[PDB]
Number of protein chains: 2
Amino acid sequence: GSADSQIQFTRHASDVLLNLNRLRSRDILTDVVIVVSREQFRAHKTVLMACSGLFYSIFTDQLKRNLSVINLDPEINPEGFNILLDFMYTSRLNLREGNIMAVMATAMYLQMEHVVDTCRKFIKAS
Amino acid sequence: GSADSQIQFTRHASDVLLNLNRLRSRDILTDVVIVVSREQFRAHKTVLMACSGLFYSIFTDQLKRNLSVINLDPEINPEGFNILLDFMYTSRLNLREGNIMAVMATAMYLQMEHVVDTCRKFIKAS
Ligand SMILES: Cc1ncccc1[C@H]1C[C@@H](c2cccc3nc(N)ccc23)Nc2c(F)cnn21
Ligand SMILES: Cc1ncccc1[C@H]1C[C@@H](c2cccc3nc(N)ccc23)Nc2c(F)cnn21
């Protein structure tokens, strides 16, 4: 007789993230700039919040919710922040011997606990 | 010697989407209301654009970019729109014998071509 069905699209989340990275490339509906000393990164707050305890805290603070510019701590590496923003929008964490420690430091500052734990493994591997 | 590594987080996209659905539940950084005759659905424009040709077109139109309210065609089923918004934020398409045709109609209105094609299969299955 009658048949209700819940259908799982396994590629859906990945497709969403590709499309979110494409909006970011074309600067579509980006609503915040992240300033890392001399560098700037345009992003969507919702993606930052979804990926970072720190951005979650900032944009859930009802004062800071509407900020269009966020200045990161002077100590934060721009190259490392860039790697972690790419990771947020692609699921791909790109590590070099040269940056791994800066990436891990930035991940911890950003409260990206799973990225930090993966950084720990790469360190031992090398 | 030196070892660069690009690491794939297979669960990352799914985790992002869970967190995006949680922001929507708690109405955090939602920036549009979709009015379907008598009903309203708060959402994030970036997720709509990522999932729907129609919302892609609307929010890329530089006039309509900043709209906080979108009125859908009077003919559109609210129950069907709700199913497709849940699908956008969860990857799960929930179909009943009663709504499948309305879901497919709404998917096509929204330019969600992969959802329409899956609706076609369910129709034959039942
Ligand atoms: C509070 C909560 N409960 C259940 C599920 C999810 C959440 C939080 C988690 C938060 C988030 C992400 C990634 C690393 C995080 N690390 C920390 N130390 C803190 C928050 C972190 N991001 C997010 C959203 F965009 C929506 N909800 N949440
Ligand atoms: C233009 C383009 N080229 C390559 C890759 C992606 C895109 C478009 C596709 C568009 C979108 C989604 C889902 C069904 C769509 N159906 C239609 N008929 C039209 C657009 C549809 N959504 C989206 C973003 F949020 C960012 N980019 N894009």
# chains A, B, ... in the order shown; residues from 1 in each chain; ligands from 1
$ residues_near_ligand --ligand "ligand 2" --cutoff "12 Å" --atoms "only C-alpha atoms and all ligand atoms" --output "count of residues only"
45
$ residues_around --residues "residue 76 of chain A" --least-positions-apart "3" --cutoff "8 Å" --atoms "only C-alpha atoms" --output "list in words"
residues 36, 37, 72, 73, 80, 81 and 106 of chain A
$ residues_around --residues "residue 42 of chain B" --least-positions-apart "3" --cutoff "7 Å" --atoms "only C-alpha atoms" --output "ChimeraX atom specification"
/B:30,32-34
$ write_last_selection --atoms "C-alpha atoms" --output "PDB file, in the first residue's frame"
ATOM      1  CA  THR B  30      19.184  33.755   9.802  1.00  0.00           C
ATOM      2  CA  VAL B  32      15.785  35.886   5.212  1.00  0.00           C
ATOM      3  CA  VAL B  33      12.145  34.781   5.778  1.00  0.00           C
ATOM      4  CA  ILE B  34      10.505  32.713   2.985  1.00  0.00           C
TER       5      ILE B  34
END
$ interface_residues --of "chain B" --to "chain A" --cutoff "6 Å" --atoms "only C-alpha atoms" --output "ChimeraX atom specification"
/B:4-9,12-14,16,19,50,91-96
$ write_last_selection --atoms "C-alpha atoms" --output "tab-separated table (two decimals), in the first residue's frame"
chain	number	residue	atom	x	y	z
B	4	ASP	CA	53.62	18.17	2.90
B	5	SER	CA	50.16	16.54	3.47
B	6	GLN	CA	46.60	17.46	2.32
B	7	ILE	CA	44.24	15.66	4.78
B	8	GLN	CA	40.55	14.92	3.85
B	9	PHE	CA	38.00	15.17	6.73
B	12	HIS	CA	33.54	17.72	7.75
B	13	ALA	CA	30.78	18.73	5.25
B	14	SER	CA	28.13	16.73	7.25
B	16	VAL	CA	29.13	21.86	8.90
B	19	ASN	CA	25.89	23.07	12.74
B	50	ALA	CA	23.83	26.53	-2.47
B	91	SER	CA	20.55	15.89	3.17
B	92	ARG	CA	17.35	13.93	4.06
B	93	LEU	CA	14.34	14.10	1.63
B	94	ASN	CA	11.13	13.02	3.52
B	95	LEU	CA	8.42	11.90	1.01
B	96	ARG	CA	4.80	10.68	1.62
$ calpha_fit_and_write --fixed "chain A" --moving "chain B" --output "PDB file with C-alpha atoms, in the first residue's frame"
ATOM      1  CA  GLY B   1       0.000   0.000   0.000  1.00  0.00           C
ATOM      2  CA  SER B   2       1.178   3.569   0.948  1.00  0.00           C
ATOM      3  CA  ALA B   3       5.030   4.031   1.296  1.00  0.00           C
ATOM      4  CA  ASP B   4       6.683   7.012   3.096  1.00  0.00           C
ATOM      5  CA  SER B   5      10.465   7.279   2.337  1.00  0.00           C
ATOM      6  CA  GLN B   6      13.313   9.352   3.892  1.00  0.00           C
ATOM      7  CA  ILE B   7      16.072   9.466   1.202  1.00  0.00           C
ATOM      8  CA  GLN B   8      19.762  10.220   2.138  1.00  0.00           C
ATOM      9  CA  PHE B   9      21.764  12.285  -0.431  1.00  0.00           C
ATOM     10  CA  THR B  10      25.351  11.229   0.592  1.00  0.00           C
ATOM     11  CA  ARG B  11      26.965  13.915  -1.679  1.00  0.00           C
ATOM     12  CA  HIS B  12      24.564  16.712  -0.509  1.00  0.00           C
ATOM     13  CA  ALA B  13      26.742  18.168   2.326  1.00  0.00           C
ATOM     14  CA  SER B  14      29.882  18.117   0.053  1.00  0.00           C
ATOM     15  CA  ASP B  15      27.890  19.831  -2.802  1.00  0.00           C
ATOM     16  CA  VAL B  16      26.619  22.509  -0.320  1.00  0.00           C
ATOM     17  CA  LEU B  17      30.254  23.150   0.817  1.00  0.00           C
ATOM     18  CA  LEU B  18      31.536  23.370  -2.848  1.00  0.00           C
ATOM     19  CA  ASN B  19      28.757  25.953  -3.530  1.00  0.00           C
ATOM     20  CA  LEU B  20      29.646  27.848  -0.283  1.00  0.00           C
ATOM     21  CA  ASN B  21      33.359  27.959  -1.385  1.00  0.00           C
ATOM     22  CA  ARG B  22      32.174  29.227  -4.854  1.00  0.00           C
ATOM     23  CA  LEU B  23      30.144  32.058  -3.179  1.00  0.00           C
ATOM     24  CA  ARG B  24      33.323  32.920  -1.200  1.00  0.00           C
ATOM     25  CA  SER B  25      35.521  32.920  -4.428  1.00  0.00           C
ATOM     26  CA  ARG B  26      33.014  35.303  -6.118  1.00  0.00           C
ATOM     27  CA  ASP B  27      32.569  37.284  -2.816  1.00  0.00           C
ATOM     28  CA  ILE B  28      28.770  36.583  -2.860  1.00  0.00           C
ATOM     29  CA  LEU B  29      26.923  37.306   0.430  1.00  0.00           C
ATOM     30  CA  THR B  30      30.221  37.372   2.399  1.00  0.00           C
ATOM     31  CA  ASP B  31      29.295  39.370   5.583  1.00  0.00           C
ATOM     32  CA  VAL B  32      32.598  39.554   7.571  1.00  0.00           C
ATOM     33  CA  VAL B  33      36.310  40.351   6.963  1.00  0.00           C
ATOM     34  CA  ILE B  34      38.858  38.591   9.240  1.00  0.00           C
ATOM     35  CA  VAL B  35      42.002  40.775   9.675  1.00  0.00           C
ATOM     36  CA  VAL B  36      45.163  38.739  10.501  1.00  0.00           C
ATOM     37  CA  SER B  37      47.783  41.484  11.126  1.00  0.00           C
ATOM     38  CA  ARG B  38      48.283  42.869   7.523  1.00  0.00           C
ATOM     39  CA  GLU B  39      46.014  40.361   5.670  1.00  0.00           C
ATOM     40  CA  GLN B  40      42.216  40.137   5.166  1.00  0.00           C
ATOM     41  CA  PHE B  41      39.940  37.132   4.489  1.00  0.00           C
ATOM     42  CA  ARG B  42      36.297  37.681   3.370  1.00  0.00           C
ATOM     43  CA  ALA B  43      34.008  34.872   4.688  1.00  0.00           C
ATOM     44  CA  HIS B  44      30.450  33.925   5.720  1.00  0.00           C
ATOM     45  CA  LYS B  45      29.944  34.125   9.537  1.00  0.00           C
ATOM     46  CA  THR B  46      27.674  30.993   9.486  1.00  0.00           C
ATOM     47  CA  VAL B  47      30.558  28.865   8.050  1.00  0.00           C
ATOM     48  CA  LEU B  48      33.083  30.302  10.615  1.00  0.00           C
ATOM     49  CA  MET B  49      30.591  29.568  13.512  1.00  0.00           C
ATOM     50  CA  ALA B  50      29.984  26.015  12.163  1.00  0.00           C
ATOM     51  CA  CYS B  51      33.815  25.322  12.215  1.00  0.00           C
ATOM     52  CA  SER B  52      35.322  27.412  15.130  1.00  0.00           C
ATOM     53  CA  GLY B  53      34.425  27.682  18.863  1.00  0.00           C
ATOM     54  CA  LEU B  54      35.907  31.244  18.822  1.00  0.00           C
ATOM     55  CA  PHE B  55      33.705  32.533  15.921  1.00  0.00           C
ATOM     56  CA  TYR B  56      30.739  30.653  17.480  1.00  0.00           C
ATOM     57  CA  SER B  57      31.289  32.681  20.742  1.00  0.00           C
ATOM     58  CA  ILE B  58      31.861  36.029  18.880  1.00  0.00           C
ATOM     59  CA  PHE B  59      28.714  35.925  16.628  1.00  0.00           C
ATOM     60  CA  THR B  60      26.437  34.476  19.407  1.00  0.00           C
ATOM     61  CA  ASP B  61      27.451  37.510  21.584  1.00  0.00           C
ATOM     62  CA  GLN B  62      24.431  39.707  20.630  1.00  0.00           C
ATOM     63  CA  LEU B  63      26.620  42.897  20.675  1.00  0.00           C
ATOM     64  CA  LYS B  64      29.330  41.401  18.331  1.00  0.00           C
ATOM     65  CA  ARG B  65      26.705  39.501  16.166  1.00  0.00           C
ATOM     66  CA  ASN B  66      26.523  42.427  13.614  1.00  0.00           C
ATOM     67  CA  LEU B  67      30.307  43.234  13.344  1.00  0.00           C
ATOM     68  CA  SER B  68      31.488  43.308   9.660  1.00  0.00           C
ATOM     69  CA  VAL B  69      35.236  43.242  10.652  1.00  0.00           C
ATOM     70  CA  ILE B  70      36.998  40.947  13.224  1.00  0.00           C
ATOM     71  CA  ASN B  71      40.635  41.685  14.244  1.00  0.00           C
ATOM     72  CA  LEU B  72      42.420  38.440  15.285  1.00  0.00           C
ATOM     73  CA  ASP B  73      45.114  38.496  18.076  1.00  0.00           C
ATOM     74  CA  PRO B  74      48.366  40.140  16.795  1.00  0.00           C
ATOM     75  CA  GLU B  75      50.277  36.824  17.406  1.00  0.00           C
ATOM     76  CA  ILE B  76      48.117  34.841  14.857  1.00  0.00           C
ATOM     77  CA  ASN B  77      49.899  33.682  11.661  1.00  0.00           C
ATOM     78  CA  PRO B  78      48.050  34.809   8.478  1.00  0.00           C
ATOM     79  CA  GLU B  79      49.339  31.772   6.417  1.00  0.00           C
ATOM     80  CA  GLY B  80      47.953  29.465   9.179  1.00  0.00           C
ATOM     81  CA  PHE B  81      44.571  31.269   9.330  1.00  0.00           C
ATOM     82  CA  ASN B  82      44.302  31.024   5.479  1.00  0.00           C
ATOM     83  CA  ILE B  83      44.915  27.193   5.655  1.00  0.00           C
ATOM     84  CA  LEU B  84      42.201  26.804   8.338  1.00  0.00           C
ATOM     85  CA  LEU B  85      39.685  28.987   6.316  1.00  0.00           C
ATOM     86  CA  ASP B  86      40.358  26.880   3.152  1.00  0.00           C
ATOM     87  CA  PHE B  87      39.872  23.771   5.385  1.00  0.00           C
ATOM     88  CA  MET B  88      36.519  25.184   6.668  1.00  0.00           C
ATOM     89  CA  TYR B  89      35.192  25.639   3.062  1.00  0.00           C
ATOM     90  CA  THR B  90      36.767  22.429   1.466  1.00  0.00           C
ATOM     91  CA  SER B  91      37.276  19.712   4.231  1.00  0.00           C
ATOM     92  CA  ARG B  92      40.953  19.664   3.069  1.00  0.00           C
ATOM     93  CA  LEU B  93      43.723  20.523   5.634  1.00  0.00           C
ATOM     94  CA  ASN B  94      46.958  21.487   3.732  1.00  0.00           C
ATOM     95  CA  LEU B  95      50.028  21.081   6.041  1.00  0.00           C
ATOM     96  CA  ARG B  96      53.773  21.783   5.360  1.00  0.00           C
ATOM     97  CA  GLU B  97      56.677  20.976   7.782  1.00  0.00           C
ATOM     98  CA  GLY B  98      57.180  24.806   7.861  1.00  0.00           C
ATOM     99  CA  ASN B  99      53.608  25.781   8.987  1.00  0.00           C
ATOM    100  CA  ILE B 100      52.254  22.699  10.907  1.00  0.00           C
ATOM    101  CA  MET B 101      53.003  24.263  14.389  1.00  0.00           C
ATOM    102  CA  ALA B 102      51.466  27.667  13.332  1.00  0.00           C
ATOM    103  CA  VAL B 103      48.373  25.794  11.907  1.00  0.00           C
ATOM    104  CA  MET B 104      47.923  23.868  15.220  1.00  0.00           C
ATOM    105  CA  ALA B 105      48.421  27.084  17.312  1.00  0.00           C
ATOM    106  CA  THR B 106      45.826  28.938  15.140  1.00  0.00           C
ATOM    107  CA  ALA B 107      43.417  25.923  15.278  1.00  0.00           C
ATOM    108  CA  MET B 108      43.635  25.988  19.126  1.00  0.00           C
ATOM    109  CA  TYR B 109      43.147  29.835  19.222  1.00  0.00           C
ATOM    110  CA  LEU B 110      40.066  29.278  16.929  1.00  0.00           C
ATOM    111  CA  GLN B 111      38.763  26.335  19.109  1.00  0.00           C
ATOM    112  CA  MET B 112      38.981  23.800  16.209  1.00  0.00           C
ATOM    113  CA  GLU B 113      39.705  20.831  18.504  1.00  0.00           C
ATOM    114  CA  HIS B 114      39.510  18.052  15.809  1.00  0.00           C
ATOM    115  CA  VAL B 115      42.002  19.954  13.538  1.00  0.00           C
ATOM    116  CA  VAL B 116      44.445  20.369  16.531  1.00  0.00           C
ATOM    117  CA  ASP B 117      44.244  16.573  17.320  1.00  0.00           C
ATOM    118  CA  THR B 118      44.997  15.775  13.587  1.00  0.00           C
ATOM    119  CA  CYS B 119      47.948  18.262  13.739  1.00  0.00           C
ATOM    120  CA  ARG B 120      49.285  16.183  16.725  1.00  0.00           C
ATOM    121  CA  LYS B 121      49.263  12.998  14.521  1.00  0.00           C
ATOM    122  CA  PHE B 122      51.085  14.729  11.534  1.00  0.00           C
ATOM    123  CA  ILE B 123      53.801  15.994  14.013  1.00  0.00           C
ATOM    124  CA  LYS B 124      54.572  12.366  15.136  1.00  0.00           C
ATOM    125  CA  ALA B 125      54.339  11.093  11.474  1.00  0.00           C
ATOM    126  CA  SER B 126      57.142  13.605  10.517  1.00  0.00           C
TER     127      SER B 126
END
$ select_by_dssp --residues "segment 7-71 of chain A" --states "strand (DSSP E)" --output "NGL selection string"
:A and (7-8 or 32-36 or 39-43 or 69-71)
$ write_last_selection --atoms "N, CA, C and O atoms" --output "PDB file, in the first residue's frame"
ATOM      1  N   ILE A   7      14.985   9.791   2.169  1.00  0.00           N
ATOM      2  CA  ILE A   7      16.072   9.466   1.202  1.00  0.00           C
ATOM      3  C   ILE A   7      17.296  10.311   1.571  1.00  0.00           C
ATOM      4  O   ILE A   7      17.143  11.537   1.678  1.00  0.00           O
ATOM      5  N   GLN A   8      18.439   9.642   1.771  1.00  0.00           N
ATOM      6  CA  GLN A   8      19.762  10.220   2.138  1.00  0.00           C
ATOM      7  C   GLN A   8      20.561  10.532   0.870  1.00  0.00           C
ATOM      8  O   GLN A   8      20.886   9.594   0.124  1.00  0.00           O
ATOM      9  N   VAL A  32      31.527  39.234   6.584  1.00  0.00           N
ATOM     10  CA  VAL A  32      32.598  39.554   7.571  1.00  0.00           C
ATOM     11  C   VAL A  32      33.955  39.530   6.858  1.00  0.00           C
ATOM     12  O   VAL A  32      34.124  38.765   5.878  1.00  0.00           O
ATOM     13  N   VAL A  33      34.866  40.387   7.319  1.00  0.00           N
ATOM     14  CA  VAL A  33      36.310  40.351   6.963  1.00  0.00           C
ATOM     15  C   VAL A  33      37.072  40.008   8.238  1.00  0.00           C
ATOM     16  O   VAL A  33      36.819  40.639   9.273  1.00  0.00           O
ATOM     17  N   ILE A  34      37.957  39.025   8.141  1.00  0.00           N
ATOM     18  CA  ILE A  34      38.858  38.591   9.240  1.00  0.00           C
ATOM     19  C   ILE A  34      40.233  39.182   8.929  1.00  0.00           C
ATOM     20  O   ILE A  34      40.816  38.820   7.867  1.00  0.00           O
ATOM     21  N   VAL A  35      40.701  40.071   9.812  1.00  0.00           N
ATOM     22  CA  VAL A  35      42.002  40.775   9.675  1.00  0.00           C
ATOM     23  C   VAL A  35      43.024  40.023  10.529  1.00  0.00           C
ATOM     24  O   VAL A  35      42.824  39.906  11.764  1.00  0.00           O
ATOM     25  N   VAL A  36      44.053  39.500   9.870  1.00  0.00           N
ATOM     26  CA  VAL A  36      45.163  38.739  10.501  1.00  0.00           C
ATOM     27  C   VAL A  36      46.441  39.542  10.253  1.00  0.00           C
ATOM     28  O   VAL A  36      47.066  39.364   9.187  1.00  0.00           O
ATOM     29  N   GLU A  39      46.785  41.101   6.699  1.00  0.00           N
ATOM     30  CA  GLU A  39      46.014  40.361   5.670  1.00  0.00           C
ATOM     31  C   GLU A  39      44.524  40.400   6.007  1.00  0.00           C
ATOM     32  O   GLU A  39      44.178  40.609   7.183  1.00  0.00           O
ATOM     33  N   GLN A  40      43.682  40.237   4.986  1.00  0.00           N
ATOM     34  CA  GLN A  40      42.216  40.137   5.166  1.00  0.00           C
ATOM     35  C   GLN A  40      41.671  38.926   4.402  1.00  0.00           C
ATOM     36  O   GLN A  40      42.194  38.552   3.315  1.00  0.00           O
ATOM     37  N   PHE A  41      40.657  38.316   5.009  1.00  0.00           N
ATOM     38  CA  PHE A  41      39.940  37.132   4.489  1.00  0.00           C
ATOM     39  C   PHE A  41      38.447  37.433   4.600  1.00  0.00           C
ATOM     40  O   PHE A  41      37.950  37.586   5.742  1.00  0.00           O
ATOM     41  N   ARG A  42      37.777  37.567   3.453  1.00  0.00           N
ATOM     42  CA  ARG A  42      36.297  37.681   3.370  1.00  0.00           C
ATOM     43  C   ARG A  42      35.717  36.272   3.563  1.00  0.00           C
ATOM     44  O   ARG A  42      36.263  35.297   2.991  1.00  0.00           O
ATOM     45  N   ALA A  43      34.661  36.160   4.363  1.00  0.00           N
ATOM     46  CA  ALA A  43      34.008  34.872   4.688  1.00  0.00           C
ATOM     47  C   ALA A  43      32.542  35.097   5.026  1.00  0.00           C
ATOM     48  O   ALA A  43      32.108  36.262   5.118  1.00  0.00           O
ATOM     49  N   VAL A  69      33.752  43.388  10.597  1.00  0.00           N
ATOM     50  CA  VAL A  69      35.236  43.242  10.652  1.00  0.00           C
ATOM     51  C   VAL A  69      35.609  42.609  11.992  1.00  0.00           C
ATOM     52  O   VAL A  69      35.122  43.110  13.022  1.00  0.00           O
ATOM     53  N   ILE A  70      36.453  41.573  11.984  1.00  0.00           N
ATOM     54  CA  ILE A  70      36.998  40.947  13.224  1.00  0.00           C
ATOM     55  C   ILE A  70      38.519  40.993  13.138  1.00  0.00           C
ATOM     56  O   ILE A  70      39.067  40.457  12.164  1.00  0.00           O
ATOM     57  N   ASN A  71      39.157  41.617  14.129  1.00  0.00           N
ATOM     58  CA  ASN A  71      40.635  41.685  14.244  1.00  0.00           C
ATOM     59  C   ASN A  71      41.068  40.493  15.092  1.00  0.00           C
ATOM     60  O   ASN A  71      40.621  40.402  16.236  1.00  0.00           O
TER      61      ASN A  71
END
